Each structure stands twice: as C-alpha cells, then as structure tokens.
C-alpha cells in the first residue's frame, strides 16, 4: 500500500477548504522524502480570479501545495511536539518553468534537509512536475512550529 487519502491528510494537517492543496500522498519515508499530488480542476475557487480570460494556477499556491506536502513529512517524522499549526518562516530559490493548467496532475516531491526539533525549525527542498517535466523548483522552505 504505502498510500494516504484526504481523510487521513486532514488528521495530520489543520488546513481546510479552500486552502488544503494536497489531495494525496503516494509515497513517504520519515525523516527523508515525501511524494504526493494535487489535482488541478477548473472547478476550483481561485481560477475565476486568476484569470477571467485565461486559467493558470497561481504559482504562489504551487508553493503552498509543496509546503503542505513538506509539512506532512515533518509531522510524521516527528510528533513529539503535539502541535500541527505549521507556519512559513522563509522561502528561497523559487523558479517557475511552466504554467500549471486545469487538467494537469501536479506531482510533488519534497526532501527534508535539516531538523532541530527542540526549536521548531525545518528546512526542505521541493520540486513539482506535470507529465514528468519540471514546473516549479524550490531551493529552501523554512517552517516554524508555533
């Protein structure tokens, strides 16, 4: 198996509609890496405003999606700190290569770099794909246990 459907995602993360952007976790290795996806449908509430004339997934939400996927890893790698409210502290080295569109499946991988659990400091890298091609690159995502 090694899979996780949205009901169990909701037990881990606090995020709800309209700001839960991880539909499924397909693979996870604690303290190491996590693979998951987000489905991109026209029937999402952000598309109307971005944009009326042309529907492109906001890249900033692509950041959020990966961050949430990254958040799951930390929470399942270490839950000694029984607090699932993770906040973005800093993000670095983001480059967007290709528009993500309604219809695409967004395949995401996040890799855990450093964890000093006593503080609440987690650093991660992230890559997002569509059809095996790189759409979003993230060098370093910094998250805070508050």
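Positions refer to the first chain, counted from 1. So that the term is clear: the rigid core is the largest set of C-alpha atoms that superpose within 1.5 Å between two forms.
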Practice prompt. Report the stretch with the higher root mean square CA deviation, pooled over structures and residues in 6 other deposited structures of this protein, choosing between 85-93 and 33-41 after a rigid core fit.
Written response: 85-93
Worksheet entry | Stretch with larger C-alpha RMS deviation in 6 other deposited structures of this protein, core superposed, 15-23 versus 126-134 | 15-23
Worksheet item: In at least a third of the other entries we lined up, does residue 98 end up with no coordinates?
Response: no
Worksheet item: Relative to the other PDB entries of this protein in the set, is residue 61 coordinate-less in at least a third?
Response: no
Response to the item:
Of 62-70 vs 87-95, the stretch with the larger average CA B-factor in the entry is 87-95
Discussion item. Per the record, averaged over C-alpha atoms, which has the higher B-factor: 98-106 or 75-83?
Written reply: 75-83
Discussion item. Maximum C-alpha temperature factor per the entry, among 55, 114, 43, 39, belongs to which one?
Written reply: 114
Worksheet item: Which third, lowest, middle or highest, does the CA B-factor of residue 127 fall in along this chain?
Response: middle
Fill in: Chain-wide C-alpha B factor ranking for residue 33, given as lowest, middle or highest third
middle
